[PDB]
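Just the one chain here, laid out as structure tokens, in the form deposited in one PDB entry.
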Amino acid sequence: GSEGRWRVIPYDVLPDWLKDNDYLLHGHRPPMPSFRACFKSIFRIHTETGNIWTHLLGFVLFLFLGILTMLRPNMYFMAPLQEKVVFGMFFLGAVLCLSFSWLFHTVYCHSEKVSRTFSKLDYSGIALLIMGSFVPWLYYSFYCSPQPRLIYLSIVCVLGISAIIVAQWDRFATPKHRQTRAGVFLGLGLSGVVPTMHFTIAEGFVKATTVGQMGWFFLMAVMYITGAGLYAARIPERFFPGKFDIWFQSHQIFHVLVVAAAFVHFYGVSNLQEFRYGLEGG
């Protein structure tokens, strides 16, 4: 315990690669190039403690559902068990996104290169969660219609692969003057609108919100935007600098919202499965 001893430092003495939020004035971990010191810091208080734990807790719970739901006892309750792949893809995305997020935050203070590597993973993780969310959702909403479903899926994956590849850029390019990573990110959010409305027109507006729960499900899209808008704005830190150094920062609320939103997606999505069994087609 007398190894890798460290103390919290103010924002001013931080290196540029650790300077990512000027509204967090104190409680920053000093750069420590040790994974042992980085993982041991999880059980200590600093600017990133909240971010670690929120997605660390989110990971375990989403991990349970993935495995618990995957070992469904009522395999008989599932028709035709082909459906497990659809749910599984979602869980991988949620689990990977969640695992990458807590890892990046923990190893954030290690070194500039390590921070860079894990940062790319965090970005890739978000794209995976979005990709994962669509497969279960698209499958059931277009359960009756195979041709529209296959087509919607290809777009998301192409846009999704594009997102991960653009963000990681391990193979080629960046950093660049170009803001194209944003274009691919734009693809993910936007691709969702064509399917969602398509579902409403085909099933009717009234039936889709009430039964499809799309309107009730509308909250999730709102939540993600709230989180995205909130994090960029950096509220409430912007309004009260130095008052949100350790708790209730924008990033942790955003981190919390991702779990709440992914869960809401799951509850809403599960209801869609019940809708499908009732009606073969119409």
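Definition used throughout: the rigid core is the maximal C-alpha set that superposes within 1.5 Å between two forms. In case it trips you up, residue 1 is the first one in the sequence shown, and so on.
Below, we refer to the form deposited in another entry, which is not included among the displayed structures.
Worksheet item: Which residue in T174, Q147, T180, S154 stands out, with a C-alpha shift of 2 Å or more between this form and the one not shown when both forms are set on the rigid core?
Response: So the only displaced C-alpha belongs to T174.
Discussion item. With both forms fitted on the core, check whether the Cα of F77 differs by 2 Å or more between this form and the one not shown.
Written reply: Shift of 2 Å or more: yes.
Worksheet item: By 3 Å or more, the Cα spacing of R171 and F91 differs in that other deposited form; is it closer or farther than in this view?
Response: So the answer is farther.
Worksheet item: Between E112 and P175, do the C-alpha atoms lie closer or farther in that other deposited form than in the shown form, with a difference of 3 angstroms or more?
Response: Farther, not closer.
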